[PDB]
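Asker: Before anything else, here's the structure in question.
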Amino acid sequence: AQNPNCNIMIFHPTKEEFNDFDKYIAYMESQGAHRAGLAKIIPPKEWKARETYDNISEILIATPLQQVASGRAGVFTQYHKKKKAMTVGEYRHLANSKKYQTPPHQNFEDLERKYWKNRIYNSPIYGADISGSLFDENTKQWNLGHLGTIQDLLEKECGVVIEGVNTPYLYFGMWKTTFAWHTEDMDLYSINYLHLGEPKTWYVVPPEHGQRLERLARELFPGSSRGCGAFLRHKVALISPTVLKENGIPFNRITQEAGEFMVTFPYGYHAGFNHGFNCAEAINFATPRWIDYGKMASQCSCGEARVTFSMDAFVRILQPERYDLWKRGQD
Ligand SMILES: O=C(O)CNC(=O)C(=O)O
Ligand SMILES: [Mg+2]
Ligand code: NI
Ligand SMILES: [Zn+2]
C-alpha cells in the first residue's frame with residue numbers, strides 16, 4: 001500500500017507531464033497521494049498562469065465578509081457579517097492597513113503560533129466565492145477554467161445526461177482570514193492555485209480517518225450537532241492543531257506559497273488561514289474514483305448549508321433516497 005502513513009506529498013511535474021491533467025491526478029494517486037487528503041503540485045519552471053497581475057485592482061468584491069469568532073482560542077465558530085462592496089484595490093489597501101496587516105514574525109511557525117493564540121480577538125474581512133478566473137486564455141496546462149466538467153464525468157461514467165455547470169471562484173484574503181473544517185460539496189475534489197501574495201496554511205485529516213474528526217466535532221460543538229447531523233457542511237467550525245493532537249486526531253499541515261497548486265481529495269477534511277493579502281482561484285472536479293464517494297457523501301438538510309444550482313442533479317442521481325429531504329432544506 002503506497003503512503004501508508006498518509007503524509008502530504010509534493011510533486012514536481014515536468015513540462016511534458018503537465019499536459020494531461022487527468023493523467024497526472026491518476027499518477028499522484030498511484031503513489032498514494034490521496035491518502036493524505038491533500039497534495040502540493042509545483043508547476044514546471046517553464047509554466048506561467050498569466051503574464052502579470054498588474055491589472056487586477058478593478059475586480060469587484062460585491063459582498064466582502066467580516067469573519068467574527070465566538071468560543072475559545074482553540075475551539076471556535078465564525079459567522080460572516082456582510083460588508084459594503086469594494087474593489088480589489090480598496091481591499092488590498094485595507095489588508096495592508098495597521099488594523100489588518102500581518103504582524104512582525106520570525107518564520108511561518110511563529111506566525112502559526114500567533115494565529116492560534118490571537119485569531120478570535122480580531123475580525124478579518126474575506127473576499128470569497130467570487131465567480132471568475134485569472135488564468136490567461138492562452139494558458140493551456142492546468143488552467144482551472146478549462147477543466148473537464150463534473151457533469152461530463154458523471155455522464156461518461158454513468159451514462160446520464162444532467163443540467164449544470166462548473167466554473168472557478170476567486171478568493172481575496174488577508175491576515176487571519178479563515179477557512180473552516182469541511183469536505184467539498186458531494187465530497188468532490190478541489191484544486192486551488194495561489195495566484196499572488198502571501199501564503200496560505202492548510203490543515204488536513206486523511207480520508208480514512210474523517211469520521212474521527214466528525215466525532216470530535218460533535219463533542220466540541222454539541223448544540224450545533226443536535227441542530228444538524230452534518231453540521232460541518234455549514235463551514236463555521238474551527239479546531240486548532242493543539243486540540244486535534246490532545247484528542248488523538250490524525251492530521252497534517254503544509255504551507256502553500258504563490259505559484260503553487262493544492263489538490264484536496266474526496267472526503268479529505270481541511271481548514272486553514274491566510275498569512276496576509278493574497279488571491280487564490282479554486283474549482284471542484286471529479287474523476288472516476290470520486291463516484292463512490294459521491295454516493296456516500298453526507299448531506300445537510302437543516303437549511304443552513306445552502307449550495308449551488310448544480311448540486312441538485314448530483315443528489316438526484318447519486319442519492320435518490322435522500323433527494324426529497326435534502327431538497328426541502330434547499331427550499
Ligand atoms: O482558499 C480558501 O479560502 C478555501 N479553499 C478551499 O477550501 C479549497 O480550495 O478547497
Ligand atoms: Mg482590474
Ligand atoms: Ni475546500
Ligand atoms: Zn445543516
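Residues in the C-alpha cells are numbered from 1 in each chain, the chains being A, B, ... in the order shown, and ligands are numbered from 1 in the order shown.
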Where in region 100-184 of chain A does DSSP assign alpha helix (DSSP H), given as a list in words?

Answerer: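 Put together, the selection reads residues 108, 109, 110, 111, 112, 113, 114, 115, 116, 117, 118, 150, 151, 152, 153, 154, 155, 156, 157 and 158 of chain A.
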
Asker: Would you save the residues from that selection as an mmCIF file, in the first residue's frame, using C-alpha atoms?

Answerer:
```cif
data_model
loop_
_atom_site.group_PDB
_atom_site.id
_atom_site.type_symbol
_atom_site.label_atom_id
_atom_site.label_comp_id
_atom_site.auth_asym_id
_atom_site.auth_seq_id
_atom_site.Cartn_x
_atom_site.Cartn_y
_atom_site.Cartn_z
ATOM 1 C CA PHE A 108 5.908 30.548 9.306
ATOM 2 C CA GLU A 109 5.973 28.667 12.632
ATOM 3 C CA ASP A 110 5.934 31.847 14.714
ATOM 4 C CA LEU A 111 3.112 33.212 12.576
ATOM 5 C CA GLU A 112 1.110 29.989 13.056
ATOM 6 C CA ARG A 113 1.530 30.337 16.823
ATOM 7 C CA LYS A 114 0.303 33.978 16.688
ATOM 8 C CA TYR A 115 -2.697 32.891 14.536
ATOM 9 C CA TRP A 116 -3.924 30.239 17.038
ATOM 10 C CA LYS A 117 -3.252 32.458 20.011
ATOM 11 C CA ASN A 118 -4.923 35.610 18.745
ATOM 12 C CA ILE A 150 -18.210 17.184 -13.299
ATOM 13 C CA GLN A 151 -21.343 16.830 -15.381
ATOM 14 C CA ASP A 152 -19.385 15.393 -18.215
ATOM 15 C CA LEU A 153 -17.592 12.961 -15.833
ATOM 16 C CA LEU A 154 -20.932 11.709 -14.430
ATOM 17 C CA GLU A 155 -22.235 11.340 -17.965
ATOM 18 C CA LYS A 156 -19.165 9.404 -19.165
ATOM 19 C CA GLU A 157 -19.118 7.074 -16.132
ATOM 20 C CA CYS A 158 -22.822 6.512 -15.591
#
```

Asker: Produce as a compact mmCIF listing (two decimals) with N, CA, C and O atoms, in the first residue's frame the set of residues near ligand 1, where near means within 10 Å with only C-alpha atoms and all ligand atoms considered.

Answerer:
```
# COMPACT_ATOMS: atom_id res chain seq x y z
N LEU A 38 -4.71 15.72 0.81
CA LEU A 38 -4.17 16.98 0.25
C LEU A 38 -2.82 16.69 -0.40
O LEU A 38 -2.03 15.96 0.26
N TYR A 126 -12.87 38.96 4.35
CA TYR A 126 -12.51 37.92 3.27
C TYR A 126 -13.39 38.25 2.01
O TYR A 126 -14.57 38.57 2.12
N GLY A 127 -12.78 38.27 0.82
CA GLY A 127 -13.50 38.26 -0.42
C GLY A 127 -13.57 36.84 -0.94
O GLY A 127 -12.71 36.46 -1.70
N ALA A 128 -14.68 36.19 -0.70
CA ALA A 128 -14.87 34.76 -1.07
C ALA A 128 -15.85 34.42 -2.13
O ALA A 128 -16.92 35.05 -2.36
N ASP A 129 -15.56 33.34 -2.79
CA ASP A 129 -16.54 32.76 -3.65
C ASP A 129 -17.03 33.78 -4.72
O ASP A 129 -18.24 33.88 -5.04
N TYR A 169 -13.85 29.93 -8.87
CA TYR A 169 -14.06 31.04 -7.96
C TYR A 169 -12.74 31.64 -7.45
O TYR A 169 -11.75 30.94 -7.20
N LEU A 170 -12.79 32.96 -7.30
CA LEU A 170 -11.67 33.75 -6.76
C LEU A 170 -11.89 34.03 -5.29
O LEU A 170 -13.02 34.19 -4.82
N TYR A 171 -10.76 34.04 -4.56
CA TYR A 171 -10.72 34.34 -3.13
C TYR A 171 -9.69 35.39 -2.91
O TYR A 171 -8.53 35.12 -3.11
N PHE A 172 -10.11 36.47 -2.23
CA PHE A 172 -9.12 37.52 -1.86
C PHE A 172 -9.01 37.47 -0.35
O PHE A 172 -10.02 37.56 0.32
N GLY A 173 -7.78 37.28 0.20
CA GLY A 173 -7.61 37.09 1.65
C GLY A 173 -6.69 38.13 2.25
O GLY A 173 -6.03 38.87 1.53
N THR A 177 -7.65 35.69 7.79
CA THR A 177 -8.85 35.15 7.15
C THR A 177 -8.73 33.63 7.18
O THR A 177 -7.66 33.02 7.00
N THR A 178 -9.88 33.00 7.41
CA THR A 178 -10.00 31.63 7.88
C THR A 178 -10.97 30.79 7.06
O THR A 178 -12.05 31.25 6.78
N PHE A 179 -10.55 29.57 6.68
CA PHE A 179 -11.46 28.57 6.12
C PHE A 179 -11.68 27.47 7.16
O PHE A 179 -10.77 26.87 7.68
N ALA A 180 -12.94 27.26 7.51
CA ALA A 180 -13.36 26.33 8.47
C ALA A 180 -13.24 24.86 8.02
O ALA A 180 -13.12 24.60 6.81
N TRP A 181 -13.27 23.93 8.99
CA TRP A 181 -13.15 22.49 8.68
C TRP A 181 -14.30 22.02 7.79
O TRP A 181 -15.47 22.19 8.15
N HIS A 182 -13.95 21.46 6.63
CA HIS A 182 -15.00 20.97 5.70
C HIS A 182 -14.41 19.95 4.75
O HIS A 182 -13.16 19.95 4.50
N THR A 183 -15.29 19.15 4.13
CA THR A 183 -15.00 18.49 2.87
C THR A 183 -15.76 19.25 1.76
O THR A 183 -16.60 20.12 2.06
N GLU A 184 -15.47 18.97 0.51
CA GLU A 184 -16.18 19.60 -0.56
C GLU A 184 -17.64 19.15 -0.70
O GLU A 184 -18.00 18.07 -0.24
N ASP A 185 -18.41 19.99 -1.44
CA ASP A 185 -19.79 19.57 -1.77
C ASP A 185 -19.71 18.17 -2.41
O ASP A 185 -18.86 17.93 -3.29
N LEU A 188 -16.47 16.06 -3.42
CA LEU A 188 -15.67 16.22 -4.65
C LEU A 188 -14.19 16.49 -4.34
O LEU A 188 -13.80 16.79 -3.18
N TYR A 189 -13.37 16.42 -5.38
CA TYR A 189 -12.03 17.01 -5.26
C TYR A 189 -12.14 18.52 -5.31
O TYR A 189 -13.13 19.09 -5.86
N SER A 190 -11.07 19.20 -4.88
CA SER A 190 -10.88 20.62 -5.23
C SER A 190 -9.44 20.81 -5.70
O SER A 190 -8.54 20.08 -5.33
N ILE A 191 -9.24 21.85 -6.50
CA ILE A 191 -7.89 22.31 -6.84
C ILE A 191 -7.85 23.81 -6.64
O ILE A 191 -8.82 24.53 -6.98
N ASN A 192 -6.79 24.28 -6.00
CA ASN A 192 -6.57 25.67 -5.62
C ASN A 192 -5.21 26.17 -6.04
O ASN A 192 -4.19 25.50 -5.72
N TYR A 193 -5.20 27.25 -6.80
CA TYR A 193 -3.97 27.92 -7.24
C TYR A 193 -3.84 29.25 -6.53
O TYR A 193 -4.74 30.06 -6.53
N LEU A 194 -2.68 29.45 -5.89
CA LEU A 194 -2.39 30.73 -5.19
C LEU A 194 -1.73 31.68 -6.25
O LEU A 194 -0.53 31.50 -6.55
N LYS A 200 -0.78 30.64 2.34
CA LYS A 200 -1.98 30.03 2.93
C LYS A 200 -1.50 28.79 3.64
O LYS A 200 -0.91 27.89 2.98
N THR A 201 -1.78 28.64 4.94
CA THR A 201 -1.52 27.42 5.70
C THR A 201 -2.75 26.50 5.72
O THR A 201 -3.85 27.01 5.97
N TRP A 202 -2.54 25.24 5.43
CA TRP A 202 -3.55 24.19 5.36
C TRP A 202 -3.37 23.17 6.43
O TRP A 202 -2.22 22.75 6.72
N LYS A 235 -19.69 24.97 7.38
CA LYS A 235 -18.45 25.63 7.17
C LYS A 235 -18.23 26.78 8.12
O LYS A 235 -17.85 27.87 7.75
N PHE A 261 0.01 24.94 -6.70
CA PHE A 261 -1.30 24.31 -6.63
C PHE A 261 -1.40 23.41 -5.44
O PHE A 261 -0.47 22.66 -5.07
N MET A 262 -2.64 23.34 -4.86
CA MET A 262 -3.02 22.31 -3.92
C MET A 262 -4.20 21.54 -4.43
O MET A 262 -5.11 22.20 -5.00
N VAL A 263 -4.22 20.22 -4.26
CA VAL A 263 -5.37 19.37 -4.60
C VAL A 263 -5.90 18.76 -3.34
O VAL A 263 -5.11 18.21 -2.58
N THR A 264 -7.18 18.95 -3.02
CA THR A 264 -7.84 18.21 -1.98
C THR A 264 -8.60 17.04 -2.59
O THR A 264 -9.14 17.10 -3.72
N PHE A 265 -8.52 15.89 -1.92
CA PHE A 265 -9.08 14.63 -2.40
C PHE A 265 -10.45 14.32 -1.76
O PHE A 265 -10.73 14.86 -0.66
N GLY A 268 -11.48 14.46 2.16
CA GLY A 268 -10.31 14.98 2.90
C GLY A 268 -10.72 16.28 3.61
O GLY A 268 -10.82 17.33 2.98
N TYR A 269 -11.01 16.18 4.89
CA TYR A 269 -11.35 17.38 5.68
C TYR A 269 -10.20 18.34 5.68
O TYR A 269 -9.05 17.90 5.98
N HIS A 270 -10.42 19.63 5.50
CA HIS A 270 -9.36 20.63 5.53
C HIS A 270 -9.87 21.94 6.11
O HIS A 270 -11.07 22.24 6.10
N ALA A 271 -8.90 22.75 6.61
CA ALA A 271 -9.14 24.05 7.25
C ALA A 271 -7.85 24.82 7.08
O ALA A 271 -6.78 24.25 6.77
N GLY A 272 -7.87 26.11 7.30
CA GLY A 272 -6.62 26.90 7.20
C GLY A 272 -6.82 28.36 7.33
O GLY A 272 -7.87 28.89 7.68
N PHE A 273 -5.72 29.09 7.04
CA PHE A 273 -5.75 30.56 7.16
C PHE A 273 -4.73 31.23 6.24
O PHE A 273 -3.73 30.63 5.81
N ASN A 274 -4.97 32.48 5.92
CA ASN A 274 -4.08 33.27 5.08
C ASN A 274 -3.11 34.13 5.93
O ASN A 274 -3.47 34.59 7.00
N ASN A 278 -3.66 38.15 -0.27
CA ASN A 278 -3.43 37.22 -1.37
C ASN A 278 -4.69 37.01 -2.23
O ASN A 278 -5.75 37.53 -1.91
N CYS A 279 -4.47 36.29 -3.32
CA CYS A 279 -5.54 35.95 -4.26
C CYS A 279 -5.30 34.54 -4.70
O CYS A 279 -4.27 34.17 -5.21
N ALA A 280 -6.36 33.70 -4.47
CA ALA A 280 -6.42 32.30 -4.93
C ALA A 280 -7.57 32.05 -5.85
O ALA A 280 -8.59 32.76 -5.80
N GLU A 281 -7.47 30.99 -6.64
CA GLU A 281 -8.54 30.55 -7.54
C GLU A 281 -8.76 29.11 -7.29
O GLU A 281 -7.78 28.34 -7.19
N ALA A 282 -10.03 28.65 -7.21
CA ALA A 282 -10.28 27.25 -6.94
C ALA A 282 -11.54 26.77 -7.67
O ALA A 282 -12.40 27.57 -8.01
N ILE A 283 -11.62 25.43 -7.85
CA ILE A 283 -12.74 24.83 -8.52
C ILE A 283 -12.81 23.40 -8.06
O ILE A 283 -11.80 22.74 -7.74
N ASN A 284 -14.03 22.88 -8.00
CA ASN A 284 -14.24 21.44 -7.78
C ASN A 284 -14.10 20.67 -9.07
O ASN A 284 -14.43 21.15 -10.16
```

Asker: Please provide the set of residues having any atom within 8 Å of residue 205 (chain A), restricted to only C-alpha atoms, with same-chain residues fewer than 5 positions apart removed, written as a ChimeraX atom specification.

Answerer: /A:36-37,210,213,249-252,268-270

Asker: What's around residue 123 (chain A) at 8 Å? Count only C-alpha atoms, leave out sequence neighbours fewer than 6 positions away in its own chain, and write the answer as a ChimeraX atom specification.

Answerer: /A:66-69

Asker: Store the residues picked out above in a file with N, CA, C and O atoms, as a CSV table (one decimal), in the first residue's frame.

Answerer:
```csv
chain,number,residue,atom,x,y,z
A,66,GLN,N,-17.0,39.9,6.9
A,66,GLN,CA,-16.2,40.1,8.1
A,66,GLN,C,-16.4,38.8,9.0
A,66,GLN,O,-17.6,38.4,9.2
A,67,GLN,N,-15.3,38.1,9.3
A,67,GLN,CA,-15.4,36.8,10.0
A,67,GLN,C,-15.3,36.9,11.5
A,67,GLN,O,-14.2,37.1,12.0
A,68,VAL,N,-16.4,36.9,12.1
A,68,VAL,CA,-16.5,37.2,13.6
A,68,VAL,C,-16.5,35.9,14.3
A,68,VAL,O,-17.4,35.0,14.1
A,69,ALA,N,-15.6,35.7,15.3
A,69,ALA,CA,-15.5,34.4,16.1
A,69,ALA,C,-16.2,34.4,17.4
A,69,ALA,O,-16.3,35.5,18.0
```

Asker: Mind dumping a table of every chain A residue within 7 Å of ligand 2, with the nearest atom pair and its distance in Å to one decimal, using only C-alpha atoms and all ligand atoms, sorted by chain and rising number, as JSON lines?

Answerer:
```
{"residue": "A:55", "atom": "CA", "partner": "ligand 2", "partner_atom_place_in_ligand_line": "1 (Mg)", "distance": 5.0}
{"residue": "A:56", "atom": "CA", "partner": "ligand 2", "partner_atom_place_in_ligand_line": "1 (Mg)", "distance": 3.6}
{"residue": "A:57", "atom": "CA", "partner": "ligand 2", "partner_atom_place_in_ligand_line": "1 (Mg)", "distance": 4.5}
{"residue": "A:58", "atom": "CA", "partner": "ligand 2", "partner_atom_place_in_ligand_line": "1 (Mg)", "distance": 3.2}
{"residue": "A:59", "atom": "CA", "partner": "ligand 2", "partner_atom_place_in_ligand_line": "1 (Mg)", "distance": 4.7}
```

Asker: Would you save the residues of that selection, restricted to N, CA, C and O atoms, as a PDB file, in the first residue's frame?

Answerer:
```pdb
ATOM      1  N   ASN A  55      -2.804  44.321 -13.500  1.00  0.00           N
ATOM      2  CA  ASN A  55      -4.054  44.826 -13.875  1.00  0.00           C
ATOM      3  C   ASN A  55      -5.334  44.287 -13.167  1.00  0.00           C
ATOM      4  O   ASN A  55      -6.411  44.252 -13.846  1.00  0.00           O
ATOM      5  N   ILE A  56      -5.225  43.902 -11.849  1.00  0.00           N
ATOM      6  CA  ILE A  56      -6.377  43.256 -11.072  1.00  0.00           C
ATOM      7  C   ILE A  56      -7.176  44.076 -10.061  1.00  0.00           C
ATOM      8  O   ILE A  56      -8.187  43.672  -9.475  1.00  0.00           O
ATOM      9  N   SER A  57      -6.759  45.355  -9.801  1.00  0.00           N
ATOM     10  CA  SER A  57      -7.341  46.168  -8.786  1.00  0.00           C
ATOM     11  C   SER A  57      -8.768  46.583  -9.072  1.00  0.00           C
ATOM     12  O   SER A  57      -9.512  47.031  -8.219  1.00  0.00           O
ATOM     13  N   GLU A  58      -9.205  46.414 -10.348  1.00  0.00           N
ATOM     14  CA  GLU A  58     -10.569  46.779 -10.716  1.00  0.00           C
ATOM     15  C   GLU A  58     -11.648  45.704 -10.590  1.00  0.00           C
ATOM     16  O   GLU A  58     -12.845  45.948 -10.727  1.00  0.00           O
ATOM     17  N   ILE A  59     -11.184  44.493 -10.284  1.00  0.00           N
ATOM     18  CA  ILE A  59     -12.145  43.453  -9.913  1.00  0.00           C
ATOM     19  C   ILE A  59     -12.989  43.912  -8.713  1.00  0.00           C
ATOM     20  O   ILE A  59     -12.472  44.530  -7.771  1.00  0.00           O
TER      21      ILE A  59
END
```

Asker: Show me a table, sorted first by chain and then by increasing residue number, of the residues of chain A having an atom at most 6 Å from ligand 4, each with its shortest atom pair and the distance in Å to one decimal, counting only C-alpha atoms and all ligand atoms and written as a tab-separated table.

Answerer:
```
residue	atom	partner	partner_atom_place_in_ligand_line	distance
A:228	CA	ligand 4	1 (Zn)	4.5
A:230	CA	ligand 4	1 (Zn)	5.8
A:231	CA	ligand 4	1 (Zn)	4.8
A:300	CA	ligand 4	1 (Zn)	4.1
A:301	CA	ligand 4	1 (Zn)	5.5
A:302	CA	ligand 4	1 (Zn)	4.1
A:303	CA	ligand 4	1 (Zn)	5.7
A:304	CA	ligand 4	1 (Zn)	4.9
A:305	CA	ligand 4	1 (Zn)	5.7
```

Asker: Let's have the selection written as a PDB file, in the first residue's frame, with N, CA and C atoms.

Answerer:
```pdb
ATOM      1  N   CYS A 228     -28.116  19.591  13.522  1.00  0.00           N
ATOM      2  CA  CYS A 228     -27.840  19.050  12.184  1.00  0.00           C
ATOM      3  C   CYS A 228     -26.858  17.886  12.229  1.00  0.00           C
ATOM      4  N   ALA A 230     -25.076  16.777   9.910  1.00  0.00           N
ATOM      5  CA  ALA A 230     -23.891  17.043   9.063  1.00  0.00           C
ATOM      6  C   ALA A 230     -23.466  18.494   9.189  1.00  0.00           C
ATOM      7  N   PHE A 231     -23.420  19.037  10.435  1.00  0.00           N
ATOM      8  CA  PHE A 231     -23.172  20.444  10.579  1.00  0.00           C
ATOM      9  C   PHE A 231     -21.841  21.034  10.118  1.00  0.00           C
ATOM     10  N   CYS A 300     -26.374  17.953   4.571  1.00  0.00           N
ATOM     11  CA  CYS A 300     -27.089  18.885   5.464  1.00  0.00           C
ATOM     12  C   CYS A 300     -28.508  18.974   4.808  1.00  0.00           C
ATOM     13  N   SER A 301     -29.505  18.705   5.601  1.00  0.00           N
ATOM     14  CA  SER A 301     -30.912  19.020   5.226  1.00  0.00           C
ATOM     15  C   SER A 301     -31.599  20.048   6.180  1.00  0.00           C
ATOM     16  N   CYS A 302     -30.845  20.707   7.124  1.00  0.00           N
ATOM     17  CA  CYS A 302     -31.444  21.662   8.078  1.00  0.00           C
ATOM     18  C   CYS A 302     -31.709  23.020   7.508  1.00  0.00           C
ATOM     19  N   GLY A 303     -31.188  23.339   6.334  1.00  0.00           N
ATOM     20  CA  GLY A 303     -31.381  24.627   5.761  1.00  0.00           C
ATOM     21  C   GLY A 303     -30.159  25.486   5.710  1.00  0.00           C
ATOM     22  N   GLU A 304     -29.180  25.207   6.583  1.00  0.00           N
ATOM     23  CA  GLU A 304     -28.074  26.138   6.728  1.00  0.00           C
ATOM     24  C   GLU A 304     -27.152  26.064   5.537  1.00  0.00           C
ATOM     25  N   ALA A 305     -26.793  24.851   5.061  1.00  0.00           N
ATOM     26  CA  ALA A 305     -25.661  24.768   4.114  1.00  0.00           C
ATOM     27  C   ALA A 305     -25.895  25.490   2.764  1.00  0.00           C
TER      28      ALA A 305
END
```

Asker: So, with only C-alpha atoms and all ligand atoms as the atoms that count, which of A:267, A:326, A:295, A:307 lies closest to ligand 3?

Answerer: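 Of the candidates, the smallest distance to ligand 3 is held by A:267.
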
Asker: Could you tell me which of A:13, A:25, A:237, A:168 comes closest to residue 222 (chain A) if we count only C-alpha atoms?

Answerer: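 Closest to residue 222 (chain A), using only C-alpha atoms: A:237.
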
Asker: I want to know what sits within 9 Å of residue 14 (chain A), based on only C-alpha atoms, with residues of the same chain fewer than 3 positions away left out; could you give that as an mmCIF file with C-alpha atoms, in the first residue's frame?

Answerer:
```cif
data_model
loop_
_atom_site.group_PDB
_atom_site.id
_atom_site.type_symbol
_atom_site.label_atom_id
_atom_site.label_comp_id
_atom_site.auth_asym_id
_atom_site.auth_seq_id
_atom_site.Cartn_x
_atom_site.Cartn_y
_atom_site.Cartn_z
ATOM 1 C CA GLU A 17 3.894 15.615 -17.519
ATOM 2 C CA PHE A 18 1.905 18.898 -17.094
ATOM 3 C CA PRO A 43 4.459 23.706 -11.753
ATOM 4 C CA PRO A 44 7.439 23.247 -14.077
ATOM 5 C CA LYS A 45 9.683 26.317 -14.355
ATOM 6 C CA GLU A 46 8.574 26.876 -17.996
#
```

Asker: Please report, as a VMD selection string, each residue of region 55-252 of chain A to which DSSP assigns strand (DSSP E) when run on this structure's backbone.

Answerer: chain A and resid 60 to 61 65 to 72 75 to 82 86 to 87 125 to 131 169 to 173 178 to 182 189 to 197 200 to 205 237 to 239 252

Asker: Just checking: using only C-alpha atoms and all ligand atoms, which residue out of A:204, A:165, A:296, A:174 ends up closest to ligand 3?

Answerer: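 Counting only C-alpha atoms and all ligand atoms, the residue closest to ligand 3 is A:204.
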
Asker: In Å, rounded to a single decimal, give me how far CA of residue 102 (chain A) is from CA of residue 65 (chain A).

Answerer: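 These two atoms are separated by 18.4 Å.
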
Asker: With distances taken over only C-alpha atoms, which of A:49, A:297, A:41, A:95 is nearest to residue 145 (chain A)?

Answerer: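 Going through A:49, A:297, A:41, A:95 one by one, the smallest distance to residue 145 (chain A) is for A:49.
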
Asker: Could you work out how far CA of residue 27 (chain A) lies from CA of residue 199 (chain A), giving the answer in Å with one decimal?

Answerer: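 That distance, rounded to one decimal, is 26.5 Å.
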
Asker: Give me the residues within 8 Å of residue 142 (chain A) as a list in words, counting only C-alpha atoms and dropping any in the same chain fewer than 2 places off.

Answerer: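 Counting only C-alpha atoms, the residues come to residues 18, 19, 21, 139, 140, 144, 146 and 147 of chain A.
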
Asker: Deliver the residues from the most recent selection as a file, using N, CA, C and O atoms, as a PDB file, in the first residue's frame.

Answerer:
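Contents of the output file out-v7.pdb:
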```pdb
ATOM      1  N   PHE A  18       2.907  17.850 -17.449  1.00  0.00           N
ATOM      2  CA  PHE A  18       1.905  18.898 -17.094  1.00  0.00           C
ATOM      3  C   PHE A  18       0.866  19.016 -18.192  1.00  0.00           C
ATOM      4  O   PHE A  18      -0.033  19.885 -18.139  1.00  0.00           O
ATOM      5  N   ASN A  19       0.966  18.248 -19.293  1.00  0.00           N
ATOM      6  CA  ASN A  19       0.000  18.392 -20.375  1.00  0.00           C
ATOM      7  C   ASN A  19      -1.378  17.779 -20.123  1.00  0.00           C
ATOM      8  O   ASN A  19      -2.407  18.419 -20.398  1.00  0.00           O
ATOM      9  N   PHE A  21      -3.944  16.687 -17.548  1.00  0.00           N
ATOM     10  CA  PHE A  21      -4.342  16.884 -16.132  1.00  0.00           C
ATOM     11  C   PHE A  21      -4.829  15.583 -15.500  1.00  0.00           C
ATOM     12  O   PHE A  21      -4.349  15.160 -14.418  1.00  0.00           O
ATOM     13  N   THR A 139      -3.151  30.116 -21.589  1.00  0.00           N
ATOM     14  CA  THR A 139      -2.504  29.093 -20.764  1.00  0.00           C
ATOM     15  C   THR A 139      -3.220  27.768 -20.928  1.00  0.00           C
ATOM     16  O   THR A 139      -4.414  27.690 -20.549  1.00  0.00           O
ATOM     17  N   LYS A 140      -2.538  26.786 -21.536  1.00  0.00           N
ATOM     18  CA  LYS A 140      -3.226  25.544 -21.883  1.00  0.00           C
ATOM     19  C   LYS A 140      -3.117  24.471 -20.857  1.00  0.00           C
ATOM     20  O   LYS A 140      -3.882  23.562 -20.953  1.00  0.00           O
ATOM     21  N   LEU A 144      -7.552  26.435 -14.623  1.00  0.00           N
ATOM     22  CA  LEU A 144      -8.742  25.979 -13.849  1.00  0.00           C
ATOM     23  C   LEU A 144     -10.049  26.352 -14.453  1.00  0.00           C
ATOM     24  O   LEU A 144     -11.060  25.819 -14.011  1.00  0.00           O
ATOM     25  N   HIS A 146     -10.649  25.619 -17.716  1.00  0.00           N
ATOM     26  CA  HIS A 146     -10.726  24.722 -18.904  1.00  0.00           C
ATOM     27  C   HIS A 146     -10.645  23.299 -18.533  1.00  0.00           C
ATOM     28  O   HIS A 146     -10.166  22.458 -19.307  1.00  0.00           O
ATOM     29  N   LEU A 147     -10.991  22.909 -17.302  1.00  0.00           N
ATOM     30  CA  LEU A 147     -11.029  21.552 -16.904  1.00  0.00           C
ATOM     31  C   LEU A 147     -12.290  20.832 -17.471  1.00  0.00           C
ATOM     32  O   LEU A 147     -13.262  21.515 -17.764  1.00  0.00           O
TER      33      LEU A 147
END
```

Asker: Pick from A:239, A:33, A:232, A:258: nearest to ligand 3, with only C-alpha atoms and all ligand atoms counted?

Answerer: A:232

Asker: Choose the residue, out of A:329, A:4, A:266, A:132, that has the smallest atom-to-atom separation from ligand 3; count only C-alpha atoms and all ligand atoms.

Answerer: A:266

Asker: Figure out the distance between CA of residue 294 (chain A) and CA of residue 320 (chain A), please, to one decimal in Å.

Answerer: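 Distance reported for this atom pair: 12.0 Å.
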
Asker: Can you pull out the residues contacting residue 324 (chain A)? Cut-off 12 Å, using only C-alpha atoms, and skip same-chain residues under 6 positions away; I want them as a list in words.

Answerer: residues 299, 301, 312, 315, 316, 317, 330 and 331 of chain A
